[PDB]
4 protein chains.
Amino acid sequence: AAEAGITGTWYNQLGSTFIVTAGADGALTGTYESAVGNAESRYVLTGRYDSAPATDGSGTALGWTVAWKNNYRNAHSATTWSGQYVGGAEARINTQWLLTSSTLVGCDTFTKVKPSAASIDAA
Amino acid sequence: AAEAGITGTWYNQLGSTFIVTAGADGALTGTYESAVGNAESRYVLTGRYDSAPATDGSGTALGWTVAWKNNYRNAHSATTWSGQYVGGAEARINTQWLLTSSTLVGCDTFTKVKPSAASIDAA
Amino acid sequence: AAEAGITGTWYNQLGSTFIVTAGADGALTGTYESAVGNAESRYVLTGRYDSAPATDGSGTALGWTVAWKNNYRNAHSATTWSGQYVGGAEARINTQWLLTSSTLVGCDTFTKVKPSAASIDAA
Amino acid sequence: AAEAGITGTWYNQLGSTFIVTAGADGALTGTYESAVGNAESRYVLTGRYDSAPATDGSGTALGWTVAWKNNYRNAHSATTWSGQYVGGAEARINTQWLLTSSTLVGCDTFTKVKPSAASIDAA
Ligand SMILES: O=C(O)CCCC[C@@H]1SC[C@@H]2NC(=O)N[C@@H]21
Ligand SMILES: O=C(O)CCCC[C@@H]1SC[C@@H]2NC(=O)N[C@@H]21
Ligand SMILES: O=C(O)CCCC[C@@H]1SC[C@@H]2NC(=O)N[C@@H]21
Ligand SMILES: O=C(O)CCCC[C@@H]1SC[C@@H]2NC(=O)N[C@@H]21
Ligand SMILES: [Cl-]
Ligand SMILES: [Cl-]
Ligand SMILES: [Cl-]
Ligand SMILES: [Cl-]
């Protein structure tokens with residue numbers, strides 16, 4: 001049920017856009033558009049998720065990587081996100097990330113709805 | 001020159017084995033075998049690297065993900081590594097990692113030679 | 001102006017309570033009460049902050065440590081928080097933390113007002 | 001036995017010097033001299049450790065903070081270290097750290113002996 005839940009479009013607290021297809025055998029493929037930093041437009045992402053998550057109602061483990069080179073620019077950097085997908089009406093991906101240029105750390109919360117402009121200003 | 005340098009087999013300070021092919025447009029694909037934790041044999045990895053790194057002699061940014069499910073076992077977890085490839089006679093990948101089951105953090109140093117059994121015992 | 005701004009009581013997104021006095025020469029002393037984990041009541045904290053922060057309107061760097069032993073219990077663990085104090089009407093301390101038992105990572109946002117019960121349920 | 005083991009002088013893999021007294025009730029006080037970054041001479045540190053660690057032979061949890069202002073300079077930054085003290089003939093403090101200016105992450109291994117000049121060059 002993780003494949004159906006994960007596949008689609010996600011927005012983090014900054015308004016960045018995470019577009020992902022979850023493959024049957026645990027592949028993540030898609031694009032990432034960061035609302036911040038030395039980035040513009042979409043970047044290729046790839047990653048992995050647990051395609052047979054535990055039937056005890058907990059989260060699905062996943063992670064992905066973006067190297068910050070596209071046709072617009074090259075930041076000479078890469079970010080990995082590591083976290084858990086939880087489904088339901090308020091579906092979320094809770095992540096910690098590492099950005100290497102020298103490794104910055106932080107956390108991103110992704111949901112299926114764009115956060116309000118006021119919340120984007122706050123976070 | 002990053003593609004030629006990255007592609008191949010890497011060992012971390014724990015004796016884990018990282019087998020990777022760097023694709024021309026920035027893809028990382030391969031297998032990971034962890035010497036520790038709830039893991040055995042090889043796991044699929046995918047990731048990204050900067051395929052046009054800066055010509056100022058610094059490192060190449062990269063990252064990859066392993067979800068810890070294979071035909072032997074499923075740990076219901078995923079690790080991302082984020083770091084820099086530096087080439088030369090003592091080529092290295094310096095990484096920080098995030099393991100999500102609840103996110104553990106650490107650091108792995110990968111080289112082209114297996115560390116000595118005595119160093120593996122130490123680290 | 002950092003001393004006046006920092007000294008007082010702070011609540012994170014989980015409803016944990018951070019009570020701190022900022023000393024003139026950069027000392028942080030006080031108590032921490034975690035709303036979660038293997039903890040109850042208040043624990044001694046100590047830390048440091050930049051007592052002469054830059055006059056360019058940016059944040060004040062700080063960090064503190066709690067070892068999770070008090071008169072109620074001992075979790076045999078310790079957390080450090082590292083982050084920035086920003087003042088004003090919506091004063092905040094943005095932190096990343098490391099909990100060592102084996103090091104967990106996360107992020108806590110502290111403000112001068114308790115988050116709503118509904119937000120505490122969410123975060 | 002943690003108090004006796006911790007108190008003293010420690011060197012990390014970079015040759016930085018960590019001088020600490022462990023207090024009876026779990027206080028850490030001392031100085032830190034970083035071999036790298038925007039730092040020179042010694043900086044005040046304070047932190048906490050588990051003063052009644054588990055009798056099952058495992059590590060002692062601890063953490064400390066340095067704000068990077070002294071009489072020589074002010075970097076407008078602060079680092080926290082979080083980790084475990086293990087005693088014996090090859091006594092060590094294994095740490096992860098967070099440096100906030102915007103939070104960098106890494107790991108430091110401290111021992112009672114200075115690493116060789118050749119190892120300092122490597123790490
Ligand atoms: O500045 C760079 O080097 C590239 C852009 C990085 C943007 C980071 S990645 C982590 C965080 N989450 C986001 O959606 N954007 C920032
Ligand atoms: O225990 C698990 O959940 C799966 C195995 C995780 C092994 C970790 S990943 C980070 C670190 N580096 C390694 O080579 N192995 C450990
Ligand atoms: O479980 C333990 O070992 C002690 C309690 C730890 C609580 C953590 S510390 C980081 C995070 N922020 C909080 O306010 N509480 C949790
Ligand atoms: O550059 C600064 O802002 C102050 C110096 C920071 C030095 C860091 S702290 C973590 C790491 N471990 C060390 O011994 N030094 C570096
Ligand atoms: Cl797949
Ligand atoms: Cl490619
Ligand atoms: Cl003071
Ligand atoms: Cl004490």
# chains A, B, ... in the order shown; residues from 1 in each chain; ligands from 1
call {"tool": "residues_near_ligand", "arguments": {"ligand": "ligand 1", "cutoff": "7 Å", "atoms": "only C-alpha atoms and all ligand atoms", "output": "PyMOL selection string"}}
result
chain A and resi 12+14+16+34-39+68+75-79+97+99+101+106+108
call {"tool": "write_last_selection", "arguments": {"atoms": "N, CA, C and O atoms", "output": "PDB file, in the first residue's frame"}}
result
ATOM      1  N   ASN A  12       7.132  20.548   0.736  1.00  0.00           N
ATOM      2  CA  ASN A  12       7.648  20.740   2.100  1.00  0.00           C
ATOM      3  C   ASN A  12       7.245  22.096   2.710  1.00  0.00           C
ATOM      4  O   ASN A  12       6.554  22.907   2.067  1.00  0.00           O
ATOM      5  N   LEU A  14       8.744  24.698   3.104  1.00  0.00           N
ATOM      6  CA  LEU A  14       9.326  25.843   2.399  1.00  0.00           C
ATOM      7  C   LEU A  14       8.629  26.091   1.067  1.00  0.00           C
ATOM      8  O   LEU A  14       8.936  27.062   0.371  1.00  0.00           O
ATOM      9  N   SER A  16       8.951  23.850  -1.388  1.00  0.00           N
ATOM     10  CA  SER A  16       9.651  23.062  -2.405  1.00  0.00           C
ATOM     11  C   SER A  16       8.734  21.937  -2.885  1.00  0.00           C
ATOM     12  O   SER A  16       7.852  21.488  -2.144  1.00  0.00           O
ATOM     13  N   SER A  34      13.518  22.993  -5.482  1.00  0.00           N
ATOM     14  CA  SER A  34      13.714  23.663  -4.206  1.00  0.00           C
ATOM     15  C   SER A  34      13.248  25.119  -4.271  1.00  0.00           C
ATOM     16  O   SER A  34      13.579  25.834  -5.214  1.00  0.00           O
ATOM     17  N   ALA A  35      12.479  25.551  -3.274  1.00  0.00           N
ATOM     18  CA  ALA A  35      12.056  26.955  -3.183  1.00  0.00           C
ATOM     19  C   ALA A  35      13.182  27.889  -2.691  1.00  0.00           C
ATOM     20  O   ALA A  35      13.051  29.105  -2.737  1.00  0.00           O
ATOM     21  N   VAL A  36      14.280  27.302  -2.226  1.00  0.00           N
ATOM     22  CA  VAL A  36      15.379  28.045  -1.611  1.00  0.00           C
ATOM     23  C   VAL A  36      16.745  27.547  -2.103  1.00  0.00           C
ATOM     24  O   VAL A  36      16.845  26.508  -2.789  1.00  0.00           O
ATOM     25  N   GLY A  37      17.787  28.299  -1.744  1.00  0.00           N
ATOM     26  CA  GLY A  37      19.168  27.925  -2.020  1.00  0.00           C
ATOM     27  C   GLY A  37      19.580  28.196  -3.454  1.00  0.00           C
ATOM     28  O   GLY A  37      18.861  28.860  -4.196  1.00  0.00           O
ATOM     29  N   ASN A  38      20.739  27.665  -3.836  1.00  0.00           N
ATOM     30  CA  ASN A  38      21.287  27.852  -5.174  1.00  0.00           C
ATOM     31  C   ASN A  38      20.690  26.834  -6.153  1.00  0.00           C
ATOM     32  O   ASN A  38      21.348  25.870  -6.565  1.00  0.00           O
ATOM     33  N   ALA A  39      19.429  27.071  -6.515  1.00  0.00           N
ATOM     34  CA  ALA A  39      18.628  26.119  -7.270  1.00  0.00           C
ATOM     35  C   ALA A  39      17.495  26.833  -7.982  1.00  0.00           C
ATOM     36  O   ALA A  39      16.941  27.813  -7.460  1.00  0.00           O
ATOM     37  N   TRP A  68      22.603  18.781  -7.308  1.00  0.00           N
ATOM     38  CA  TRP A  68      22.034  20.083  -7.696  1.00  0.00           C
ATOM     39  C   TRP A  68      22.629  20.670  -8.984  1.00  0.00           C
ATOM     40  O   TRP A  68      23.062  21.835  -9.022  1.00  0.00           O
ATOM     41  N   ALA A  75      25.058  23.812  -8.699  1.00  0.00           N
ATOM     42  CA  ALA A  75      25.467  24.303  -7.382  1.00  0.00           C
ATOM     43  C   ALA A  75      26.669  23.551  -6.813  1.00  0.00           C
ATOM     44  O   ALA A  75      27.189  23.930  -5.761  1.00  0.00           O
ATOM     45  N   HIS A  76      27.098  22.493  -7.506  1.00  0.00           N
ATOM     46  CA  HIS A  76      28.178  21.599  -7.050  1.00  0.00           C
ATOM     47  C   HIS A  76      27.897  21.072  -5.645  1.00  0.00           C
ATOM     48  O   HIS A  76      28.721  21.172  -4.731  1.00  0.00           O
ATOM     49  N   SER A  77      26.700  20.522  -5.489  1.00  0.00           N
ATOM     50  CA  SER A  77      26.235  20.074  -4.192  1.00  0.00           C
ATOM     51  C   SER A  77      25.223  18.961  -4.374  1.00  0.00           C
ATOM     52  O   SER A  77      24.720  18.736  -5.478  1.00  0.00           O
ATOM     53  N   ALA A  78      24.932  18.264  -3.282  1.00  0.00           N
ATOM     54  CA  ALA A  78      23.954  17.187  -3.312  1.00  0.00           C
ATOM     55  C   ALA A  78      23.272  17.085  -1.960  1.00  0.00           C
ATOM     56  O   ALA A  78      23.909  17.274  -0.931  1.00  0.00           O
ATOM     57  N   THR A  79      21.971  16.801  -1.969  1.00  0.00           N
ATOM     58  CA  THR A  79      21.210  16.634  -0.742  1.00  0.00           C
ATOM     59  C   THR A  79      20.653  15.204  -0.716  1.00  0.00           C
ATOM     60  O   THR A  79      20.211  14.692  -1.750  1.00  0.00           O
ATOM     61  N   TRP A  97      17.610  15.853   6.454  1.00  0.00           N
ATOM     62  CA  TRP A  97      18.420  15.922   5.249  1.00  0.00           C
ATOM     63  C   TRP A  97      19.870  16.288   5.524  1.00  0.00           C
ATOM     64  O   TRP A  97      20.192  16.856   6.581  1.00  0.00           O
ATOM     65  N   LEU A  99      22.970  18.176   3.287  1.00  0.00           N
ATOM     66  CA  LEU A  99      23.407  18.874   2.075  1.00  0.00           C
ATOM     67  C   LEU A  99      24.932  19.013   2.071  1.00  0.00           C
ATOM     68  O   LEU A  99      25.510  19.677   2.936  1.00  0.00           O
ATOM     69  N   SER A 101      28.429  20.229   0.141  1.00  0.00           N
ATOM     70  CA  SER A 101      28.997  21.102  -0.898  1.00  0.00           C
ATOM     71  C   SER A 101      30.383  20.617  -1.298  1.00  0.00           C
ATOM     72  O   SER A 101      31.259  20.451  -0.442  1.00  0.00           O
ATOM     73  N   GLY A 106      19.420  19.424   8.352  1.00  0.00           N
ATOM     74  CA  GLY A 106      18.143  20.046   8.659  1.00  0.00           C
ATOM     75  C   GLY A 106      17.016  19.041   8.571  1.00  0.00           C
ATOM     76  O   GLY A 106      17.245  17.839   8.437  1.00  0.00           O
ATOM     77  N   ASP A 108      12.915  18.448   6.839  1.00  0.00           N
ATOM     78  CA  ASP A 108      11.829  18.848   5.950  1.00  0.00           C
ATOM     79  C   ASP A 108      10.610  17.973   6.217  1.00  0.00           C
ATOM     80  O   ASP A 108      10.727  16.745   6.279  1.00  0.00           O
TER      81      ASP A 108
END
call {"tool": "select_by_dssp", "arguments": {"residues": "region 31-65 of chain C", "states": "strand (DSSP E or B)", "output": "PyMOL selection string"}}
result
chain C and resi 31-33+43-49+60-65
call {"tool": "interface_residues", "arguments": {"of": "chain C", "to": "chain B", "cutoff": "6 Å", "atoms": "only C-alpha atoms", "output": "list in words"}}
result
residues 103, 104 and 105 of chain C
call {"tool": "residues_around", "arguments": {"residues": "residue 20 (chain A)", "least_positions_apart": "4", "cutoff": "8 Å", "atoms": "only C-alpha atoms", "output": "VMD selection string"}}
result
chain A and resid 6 to 9 28 to 31
call {"tool": "write_last_selection", "arguments": {"atoms": "C-alpha atoms", "output": "PDB file, in the first residue's frame"}}
result
ATOM      1  CA  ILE A   6       3.983   7.571  -1.928  1.00  0.00           C
ATOM      2  CA  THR A   7       3.567   8.102  -5.687  1.00  0.00           C
ATOM      3  CA  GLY A   8       2.534  11.674  -6.483  1.00  0.00           C
ATOM      4  CA  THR A   9       3.449  15.242  -5.556  1.00  0.00           C
ATOM      5  CA  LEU A  28      11.974   6.110  -6.187  1.00  0.00           C
ATOM      6  CA  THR A  29      12.355   8.288  -9.296  1.00  0.00           C
ATOM      7  CA  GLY A  30      11.224  11.830 -10.064  1.00  0.00           C
ATOM      8  CA  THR A  31      12.071  15.511  -9.751  1.00  0.00           C
TER       9      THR A  31
END
call {"tool": "residues_near_ligand", "arguments": {"ligand": "ligand 5", "cutoff": "6 Å", "atoms": "only C-alpha atoms and all ligand atoms", "output": "PyMOL selection string"}}
result
chain A and resi 23-27
call {"tool": "write_last_selection", "arguments": {"atoms": "N, CA and C atoms", "output": "PDB file, in the first residue's frame"}}
result
ATOM      1  N   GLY A  23       8.315   2.733  -7.470  1.00  0.00           N
ATOM      2  CA  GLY A  23       8.303   1.515  -8.280  1.00  0.00           C
ATOM      3  C   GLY A  23       7.950   0.306  -7.427  1.00  0.00           C
ATOM      4  N   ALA A  24       7.470  -0.754  -8.071  1.00  0.00           N
ATOM      5  CA  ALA A  24       6.991  -1.953  -7.376  1.00  0.00           C
ATOM      6  C   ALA A  24       8.038  -2.645  -6.487  1.00  0.00           C
ATOM      7  N   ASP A  25       9.298  -2.633  -6.931  1.00  0.00           N
ATOM      8  CA  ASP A  25      10.409  -3.286  -6.222  1.00  0.00           C
ATOM      9  C   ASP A  25      11.243  -2.332  -5.345  1.00  0.00           C
ATOM     10  N   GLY A  26      10.734  -1.129  -5.088  1.00  0.00           N
ATOM     11  CA  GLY A  26      11.360  -0.239  -4.118  1.00  0.00           C
ATOM     12  C   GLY A  26      12.128   0.938  -4.694  1.00  0.00           C
ATOM     13  N   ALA A  27      11.949   1.214  -5.986  1.00  0.00           N
ATOM     14  CA  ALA A  27      12.612   2.365  -6.611  1.00  0.00           C
ATOM     15  C   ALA A  27      11.838   3.673  -6.383  1.00  0.00           C
TER      16      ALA A  27
END
call {"tool": "residues_around", "arguments": {"residues": "residue 90 (chain A)", "least_positions_apart": "3", "cutoff": "12 Å", "atoms": "only C-alpha atoms", "output": "short mmCIF file (atom, residue, chain, number, x, y, z; two decimals) with N, CA and C atoms, in the first residue's frame"}}
result
data_model
loop_
_atom_site.label_atom_id
_atom_site.label_comp_id
_atom_site.auth_asym_id
_atom_site.auth_seq_id
_atom_site.Cartn_x
_atom_site.Cartn_y
_atom_site.Cartn_z
N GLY A 5 0.49 5.14 -1.92
CA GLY A 5 0.50 6.30 -1.04
C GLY A 5 1.60 7.29 -1.35
N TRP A 10 4.52 16.09 -3.59
CA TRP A 10 4.67 16.50 -2.21
C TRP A 10 5.28 17.90 -2.11
N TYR A 85 7.39 7.69 5.43
CA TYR A 85 6.07 7.99 4.90
C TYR A 85 4.98 7.43 5.82
N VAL A 86 4.05 8.29 6.23
CA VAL A 86 2.82 7.87 6.92
C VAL A 86 1.62 8.34 6.09
N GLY A 87 0.72 7.41 5.77
CA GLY A 87 -0.45 7.72 4.95
C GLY A 87 -1.60 8.37 5.70
N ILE A 93 5.53 12.90 4.79
CA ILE A 93 6.87 12.32 4.80
C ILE A 93 7.71 13.19 5.72
N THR A 109 9.45 18.60 6.35
CA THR A 109 8.19 17.87 6.42
C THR A 109 7.41 18.06 5.12
N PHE A 110 7.11 16.94 4.46
CA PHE A 110 6.37 16.95 3.21
C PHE A 110 4.94 16.49 3.44
N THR A 111 4.01 17.18 2.80
CA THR A 111 2.59 16.81 2.81
C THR A 111 2.04 16.90 1.37
N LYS A 112 0.82 16.39 1.17
CA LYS A 112 0.18 16.40 -0.15
C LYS A 112 -0.43 17.76 -0.52
N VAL A 113 -0.55 18.65 0.46
CA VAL A 113 -1.06 20.00 0.22
C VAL A 113 0.03 21.03 0.44
N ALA C 122 -0.21 17.39 16.33
CA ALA C 122 0.32 17.29 14.97
C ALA C 122 1.83 17.01 14.94
#
call {"tool": "residues_around", "arguments": {"residues": "residue 1 (chain D)", "least_positions_apart": "6", "cutoff": "9 Å", "atoms": "only C-alpha atoms", "output": "ChimeraX atom specification"}}
result
/D:51-53
call {"tool": "write_last_selection", "arguments": {"atoms": "N, CA and C atoms", "output": "PDB file, in the first residue's frame"}}
result
ATOM      1  N   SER D  51      26.177  10.745  35.409  1.00  0.00           N
ATOM      2  CA  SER D  51      27.060  10.510  36.563  1.00  0.00           C
ATOM      3  C   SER D  51      26.801   9.178  37.276  1.00  0.00           C
ATOM      4  N   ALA D  52      25.750   8.474  36.867  1.00  0.00           N
ATOM      5  CA  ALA D  52      25.502   7.122  37.351  1.00  0.00           C
ATOM      6  C   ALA D  52      25.267   6.188  36.168  1.00  0.00           C
ATOM      7  N   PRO D  53      26.304   5.965  35.327  1.00  0.00           N
ATOM      8  CA  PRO D  53      26.100   5.157  34.123  1.00  0.00           C
ATOM      9  C   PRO D  53      25.816   3.693  34.452  1.00  0.00           C
TER      10      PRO D  53
END
call {"tool": "closest_residue", "arguments": {"among": "B:47, B:88, B:115, B:83", "to": "ligand 6", "atoms": "only C-alpha atoms and all ligand atoms"}}
result
B:47
call {"tool": "select_by_dssp", "arguments": {"residues": "chain A", "states": "helix (DSSP H, G or I)", "output": "list in words"}}
result
residues 2, 3, 4, 5, 6, 117, 118, 119, 120, 121 and 122 of chain A
